[PDB]
Structure formats: structure tokens, C-alpha cells
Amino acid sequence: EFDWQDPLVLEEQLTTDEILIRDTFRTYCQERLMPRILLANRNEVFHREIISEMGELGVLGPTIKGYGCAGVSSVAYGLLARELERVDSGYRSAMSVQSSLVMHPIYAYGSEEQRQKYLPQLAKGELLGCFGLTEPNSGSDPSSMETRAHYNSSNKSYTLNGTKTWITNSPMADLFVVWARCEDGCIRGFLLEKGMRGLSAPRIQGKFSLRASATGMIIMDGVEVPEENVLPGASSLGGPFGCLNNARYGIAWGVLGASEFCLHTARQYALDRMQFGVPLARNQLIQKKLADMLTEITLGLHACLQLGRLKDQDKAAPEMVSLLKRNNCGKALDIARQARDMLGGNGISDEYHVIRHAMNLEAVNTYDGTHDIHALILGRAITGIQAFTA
């Protein structure tokens, strides 16, 4: 009565909707995404339409209520990210930006006029957006960004100058949610649209992680923004940090799908591939690896489930999320690399996919709070002493 696929029966913890939604999306993902990832990753190609398709399914901004969004549960959101990542992290990352970094902040930090004007086209996937916070000289420490926003008392607008780098989707984005430091001192969020004079978004080359995903920069040469494009609901670092957490949530769930995919591939291979006369799966050294992969996946899953619930009850704290994101991203990296080892030579071929996952999770464990950073966050919360600096 044991099911290595769902050891602790996560299924009897989901609601029939959550279940339907999961399955439904898994069908889109396997049928429409999987058949197009081998080359999308090999030749660094992001199929814009992918967003549009997700737009019809109504998977973009699924937790938001109204404005054409599903208004589904956090768990369902996690389940969704898990199916998407089971295919490719780059893909899930596009969806993540759109959902938690572009929509959610507009929805919770914007004026009603902003929401009305944008949320709908975002949900439909007519507007591909991006979250521009990171800078060449500001990564783990945002209180160090250089993008400044000056105010034109006369014209009723701000003028932004700065460079954002490593920004997902930026290259083929229509709406840009840029964060700059103002004259008052507080950093705010500005909404930018492509076509604005001064705004250019070159693409980054030589990526060897998240290749199926478009990544570029945001260069602003005196880009004039109207007052009505300022996010009226976020006067400081909490704007991005509030959203950031919503993103980390999706990531905690996500990486678990990539792990499960590596697990299932290794397990099969071990049964299918024979050496020394028998199937690899018959060796102790092979079984322990599978034992450990499954164990960490399971532990993560049920943790994620729990958090999903607490979230919907508005009882989720930033640190809780740091904990699962930090944990799940590290474990998912080992699992990938282990899987890669078990497939031997074949393992280094993208045609066996595992290599793609190892590579992708390399960035996932780096972005949205490096591994060690999340450790310090947890340590601050546990000891009460700050350990990020001197």
C-alpha cells in the first residue's frame, strides 16, 4: 500500500478544485510545453505565445480576486508552479514574474485606475511584463541601487536614470515595473511601457542556465514617467520585498517538480539500463541515492502544503518562505546533480533532460535571495542579531 510517487498521501490534502486545476495544467504542460523544450533550451528561445496560452487557461495571477483572475488558492498556485517547473524552470520563471512580480504589486500597490488598466491584459497574457530591481552594483543589497527618480514639479512627472541587469523577460516586455530611489529617500515603484523614449532593453548572451527564458537589462536614459504611473501603495523597500516573498512561495513549490522529474527519470533509467548483466537499479549504491532524493522531495512537499494553507489564512511570515525557498532550492540542486551522475555519459546530453535541470536550478538557488542570504535572514529572526554586515 506504499506509493513511492506520493509517500505520505499529499493527494488527500488537496481539494477537488486544486486537484482538477493541477491535472488540467499538467495536460497543457505535457502536451504543449514538453514537446518544445528540447530546442527552446538548446537555442535560447522563448516562445512569447507561451504566455498567451497560459493566458487562456487563466493561470497568470491566479490568486488575485477579480480583474479577470481566477482567485484560486495559494496551494493551487504552488501546484501550478510545480507542474510548470516539472517541465523547465525558465518557463516557470516567466510565469512567476508575470504573476507575483508584475501583477501582484500592481494589484496591491497600485491605484484602482492602474489595476483596471493593466491587470486584465496581464491575465489574458496580452501584456508580458517584468520586475526590474537588481542592478549591476546592487544584488543582495538593494539599499545600494543607483537608479534615481527626480521630480518635475512643472510637468507632474519623474525622470529616471539607471541600469537594471539580469531582468527576466525584459527583452520582450511591454510593461516594466521599475524600482528607483527618490529624492525623499524612500524607494518607489514606477510603471514603464515599451516605446518610451530613453528606455532600451538589450538581451544578455552566453547564459548556461534558464536558456529557454529571455533575460535582458533595463537601461533608462532620462525616461520621463507621468505621476499616474507611480505605484501609490509602496513608499519603500517593502514594495519589492512584499512581492518578493510572494515569488519565493512559488519557487518553493516549483523546484519540487524539477526534482520529481529528475527522480522519475533516474528511477526509470536505473530499471531500464543494465550493466554487469543486471539493471542498475539492483545496486545498493544506486538505491540509496533514490532513497535520499525521494526523502527530501517528500519533506519539502508537505512543508509547502502547510505554508500554502497558512498563507490563505494570512498567517504566513517572510521567514517561513525564506525557509522553504532556501531549503527546497538547495535540495533540488543536489537531486539534479545526483540524477545527472546516475545516467552516466547520457546524463550530459540535453536529450536526457536532467542536465537542463541541474543547470536551471543553478540560477534558482541564486535569484530571489541567494542561499546564504536566506540563511542570515533566518538567523536574524532566530537570534535577533543582524549578521549581514559589520
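Residue indices: 1-based, along the sequence shown.
When the two stretches 86-94 and 236-244 are set side by side, the higher mean Cα temperature factor goes to 236-244.
The question of which stretch, 339-347 or 27-35, has the higher mean Cα B factor is settled in favour of 27-35. In this entry, the residue among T295, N155, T147, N283 with the greatest C-alpha B factor is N155. Considering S259, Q268, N229, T215 together, the PDB entry gives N229 the largest C-alpha B factor.
Annotation for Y109: C-alpha temperature factor in the highest third relative to the rest of the modelled chain, per the entry. In this PDB entry, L133 carries a Cα temperature factor that places it within the lowest third of its chain's modelled residues. Among the modelled residues of its chain, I64 has a C-alpha B-factor that falls in the highest third, as given in the PDB entry. The PDB entry assigns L333 a C-alpha temperature factor belonging to the lowest third of its chain's modelled residues. Remark: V354 belongs to the lowest third of its chain, ranked by C-alpha B-factor as recorded.
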